[PDB]
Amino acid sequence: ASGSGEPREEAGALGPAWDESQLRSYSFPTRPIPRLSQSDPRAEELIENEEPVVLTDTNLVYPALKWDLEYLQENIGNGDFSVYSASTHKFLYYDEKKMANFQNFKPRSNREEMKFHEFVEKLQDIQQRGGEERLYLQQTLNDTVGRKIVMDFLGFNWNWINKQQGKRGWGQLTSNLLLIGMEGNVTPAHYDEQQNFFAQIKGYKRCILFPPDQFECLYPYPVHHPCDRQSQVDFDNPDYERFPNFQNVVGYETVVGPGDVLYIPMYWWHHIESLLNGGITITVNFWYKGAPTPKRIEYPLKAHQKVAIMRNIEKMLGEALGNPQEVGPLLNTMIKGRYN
């Protein structure tokens, strides 16, 4: 019905940031992710318990809030940027290394390296031409990046995020992923194995999250499939015959805007959509390797540990059988008439 709640009113009486007609319609109920300040101890407790929370005042990417297409085009440099195209609004991602195991499936969102000015050229053409094609720039930011953007990076609130890394016992910061998308772009539900600080910069993104214990309801692809860690369920046209427990899924929902930081806990499903008719969206992700597994295991196992266990079983069988395609039949032989 309404998970994000009523839209926030922007300062200076500039009206509603968004309205619900910019959100896509789905079949499952949702509830709000808490919007808190970083000074609120409840926000600290949520991150500690690995629950999602939107922090409204970290100033994490404060110097990046002036970023738009033309400022980035003149300052980001002339490196290569990964640009993904799609004939539809859903951008299904593929592990290209795993595309050898599954030949009978074809990709529908091809990557293309290009210069940043070529991406801005390619985008504005689509708007004048009026085409239905969509693009999504998704590029880890390196040091081939120009002077002013390095200075902007230096202006990030490293004090706040470094102590978050320390107090949680997390591993190191693995990468910063810059993301520029078109309105209506959708990133279908999937989970990551790293802790994520999701720093919104330009435009608005509706984030629908599912806790790890709803693994049964979301049906991820086989670990060896190129779409590993993504849900097989089409949120627009869910197949309740193949995926009956998707009728039981309950999400956590929020809309992040400029200055907001969404903590996506490790192994939490998330479905991200750039608001319809909301313009371009800009986001920077912060990935941290999770804290190492504790000394002695505490029982019962947390849900994300069972997910980790299930991933390792699928990997092990893939190596033991010499062919990832035999994992399925072996698993069915194991349970049919014995555990089901």
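We number the residues from 1 along the sequence you see. Note that the rigid core is defined as the largest set of C-alphas that superpose within 1.5 Å between two forms.
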Problem - Greater Cα displacement in 9 other deposited structures of this protein once the core is superposed, comparing 104-112 with 201-209 - result: 104-112
Completion exercise
Once average C-alpha B-factors are taken from the entry for 191-199 and 100-108, the winner is 100-108
Completion exercise
Comparing 205-213 with 155-163, the higher average Cα temperature factor in the PDB entry belongs to 155-163
Handout entry: Which of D228, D80, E253, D239 ranks first by CA B-factor in the deposited coordinates
Key = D80
Exercise for the section: Select one of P32, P29, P294, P63: the residue whose C-alpha shows the highest B-factor in the crystal structure entry. Expected result: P294
Fill in the blank from the handout: Here the Cα B-factor of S2, set against its chain, lands in the third termed highest
Problem - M316 CA temperature factor, ranked by third within the chain - result: middle
Exercise for the section: Would you check the entry's CA temperature factor for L331 and let me know if it's in the chain's lowest, middle or highest third? Expected result: lowest
Problem - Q124 CA temperature factor, ranked by third within the chain - result: highest
Exercise for the section: Pull the Cα B-factor of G184 out of the PDB entry and bin it into the chain's lowest, middle or highest third. Expected result: middle
